[PDB]
Amino acid sequence: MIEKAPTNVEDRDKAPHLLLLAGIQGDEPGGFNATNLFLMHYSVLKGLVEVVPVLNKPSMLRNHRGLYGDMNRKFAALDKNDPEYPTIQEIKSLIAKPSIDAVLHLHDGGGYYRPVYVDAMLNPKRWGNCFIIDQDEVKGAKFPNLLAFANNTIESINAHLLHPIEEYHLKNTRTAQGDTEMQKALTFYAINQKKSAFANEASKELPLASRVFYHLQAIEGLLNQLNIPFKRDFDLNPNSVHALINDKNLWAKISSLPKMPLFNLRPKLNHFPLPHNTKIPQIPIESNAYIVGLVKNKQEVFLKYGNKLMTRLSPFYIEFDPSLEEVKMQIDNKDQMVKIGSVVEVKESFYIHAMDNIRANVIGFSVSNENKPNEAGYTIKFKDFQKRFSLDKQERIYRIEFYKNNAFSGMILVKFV
Ligand SMILES: N[C@H](CCC[C@H](N)C(=O)O)C(=O)O
Ligand SMILES: [Ca+2]
Ligand SMILES: [Ca+2]
Ligand SMILES: [Ca+2]
């Protein structure tokens with residue numbers, strides 16, 4: 001769970017609290033791209049929005065609806081030895097917190113819901129582009145009138161339709177009255193804890209940016225009904241959502257390696273250092289986004305951003321010796337200390353000063369066929385690189401890797417600028 005909170009802690013109790021959740025199915029990227037953009041680009045000014053951006057992260061990383069089955073059918077009876085039992089208990093504990101008032105659960109679904117059968121694409125069994133409640137009232141909730149909240153949220157969404165077919169409709173599943181499937185799902189659990197709970201389903205027939213657009217409209221609609229004041233730092237239209245999903249300023253940092261751009265990496269990165277004796281899901285990974293991770297695929301390690309494959313690492317596993325903190329380098333004539341794990345911009349040249357116990361391999365530069373070269377003490381320019389070794393499709397970013405005997409001492413990136 002990630003909090004979207006006011007800057008002043010005193011403002012937290014001055015408006016309601018929403019729990020916002022997505023990615024219970026790992027192949028529903030509208031939901032988890034919307035929670036990601038909410039976390040990256042919105043501000044909550046009073047009250048609180050608690051976000052679980054992706055509920056089923058292992059499944060997200062495999063672009064899969066659910067590696068362990070349907071996680072959204074595990075909120076009623078569940079065996080203690082279900083692989084997702086611990087995750088389910090964390091989510092139930094979040095939902096049932098006294099400080100939570102409302103829950104909003106995001107999904108992507110095929111076709112377009114209609115309250116009467118129109119055809120195979122548009123009918124009551126479809127889930128696309130609807131706003132869903134389990135029943136019209138939850139007595140004892142802070143906001144008992146789920147129907148009124150839903151209808152007003154639907155008004156807000158329908159004021160911004162991209163095409164008339166995308167019109168939102170209310171879907172009340174009347175779950176207590178015999179819907180056996182919905183009785184095992186998240187929002188019914190939430191109403192049984194006297195929370196006002198809602199689900200938003202964006203149509204899978206839409207492109208991703210348009211799915212995310214509708215999810216964000218639903219979030220904003222509901223926040224308005226709850227009177228949780230918020231801002232965002234962009235204009236809510238599909239172009240503008242697309243730009244933020246595909247933002248060139250997005251980065252990932254694996255272990256103690258430097259930050260790397262998410263987008264426009266080469267599709268494969270070779271001889272990529274990773275810490276040995278560490279399971280892939282335990283390798284630290286940091287990002288300015290909230291849906292990034294690593295997953296093993298045969299002997300490669302995939303860098304994922306939601307369902308997007310950003311690169312395939314061909315790793316070699318090695319001890320990460322953390323002793324080396326900085327390196328003396330000359331950058332464009334200017335001698336300086338550069339921290340291990342840095343990215344340095346280079347206009348013209350660089351030069352690595354020799355070190356007693358450290359060997360430097362500039363990846364893409366060579367002066368011989370030596371397998372473990374030391375390339376400190378060379379003045380290096382763009383023209384000296386074999387471009388195929390660049391990190392990036394643009395051929396501007398190169399790795400410098402440092403070694404102390406058979407251990408890895410760190411990496412610095414140079415970016416030619
Ligand atoms: N298409 C979704 C709708 C679930 C809606 C609501 N009951 C929730 O738990 O969010 C499903 O079949 O799981
Ligand atoms: Ca922003
Ligand atoms: Ca779903
Ligand atoms: Ca080299």
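Whatever order the structure lists ligands and atoms in, that order sets their numbers, starting from 1. Computation of the quantities below employed the complete heavy-atom set of this structure, encompassing side-chain atoms and omitting hydrogens, waters and symmetry-equivalent molecules. By convention here, the first residue in the shown sequence is residue 1.
- Distances from the Ca ion (ligand 3) to the N/O/S atoms of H107 are shortest for ND1.
- Both the backbone and the side chain of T187 come within contact range of ligand 1, each with a heavy atom under 4.0 Å.
- Taking the six-membered ring for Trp, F272 and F316 have ring centres at least 6.0 Å apart.
- Looking only at heavy atoms of the protein, atom 5 (C) of ligand 1 is closest to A199 CB, 3.7 Å.
- Under the 6.0 Å cut-off for aromatic ring centres, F198 and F131 qualify, their centroids lying closer than that.
- Protein heavy atom closest to atom 1 (N) of ligand 1, with residue, atom name and distance, is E201 OE2, 2.5 Å.
- Residues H160 and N237 bring no donor and acceptor atom of their side chains to less than 3.5 Å of each other.
- The angle subtended at the Ca ion (ligand 3) by OE1 of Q25 and OE1 of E28 is 90°, given to the nearest 10°.
- Any N or O atom pair closer than 3.5 Å counts here, and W127 shares no such pair with ligand 1.
- When only modelled atom types and interatomic distance are considered, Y68 and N56 share no side-chain donor-acceptor pair under 3.5 Å.
- Among the atoms of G364, none of the N, O or S atoms falls under 3.0 Å from the Ca ion (ligand 4).
- Comparing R73, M71, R126 against atom 12 (O) of ligand 1, the shortest heavy-atom distance belongs to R73.
- For residue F365, an N/O/S atom approaches the Ca ion (ligand 4) to within less than 3.0 Å.
- The Ca ion (ligand 4) has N361 among its coordinating residues (N/O/S atom, backbone or side chain, under 3.0 Å).
- Each of the atoms 4 (C), 7 (N), 11 (C), 12 (O) of ligand 1 lies under 4.0 Å from some heavy atom of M182.
- Counting non-hydrogen atoms of other residues, nucleotides and ligands closer than 6.0 Å to CG of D335 gives a total above 12.
- Across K184, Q183, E28, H105, heavy-atom proximity to atom 10 (O) of ligand 1 is greatest for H105.
- No salt bridge links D332 with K347; every basic N to acidic carboxylate O contact stays at or beyond 4.0 Å.
- Using the six-membered ring where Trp is involved, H353 and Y351 have ring planes that are perpendicular, over 60° apart on the 30 and 60° scheme.
- For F385 and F416, the gap between ring centers is short of 6.0 Å.
- Side-chain contact, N307 with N63: a donor N or O sits under 3.5 Å from an acceptor N or O.
- When non-hydrogen atoms are compared, ligand 1 lies under 4.0 Å from neither the backbone nor the side chain of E181.
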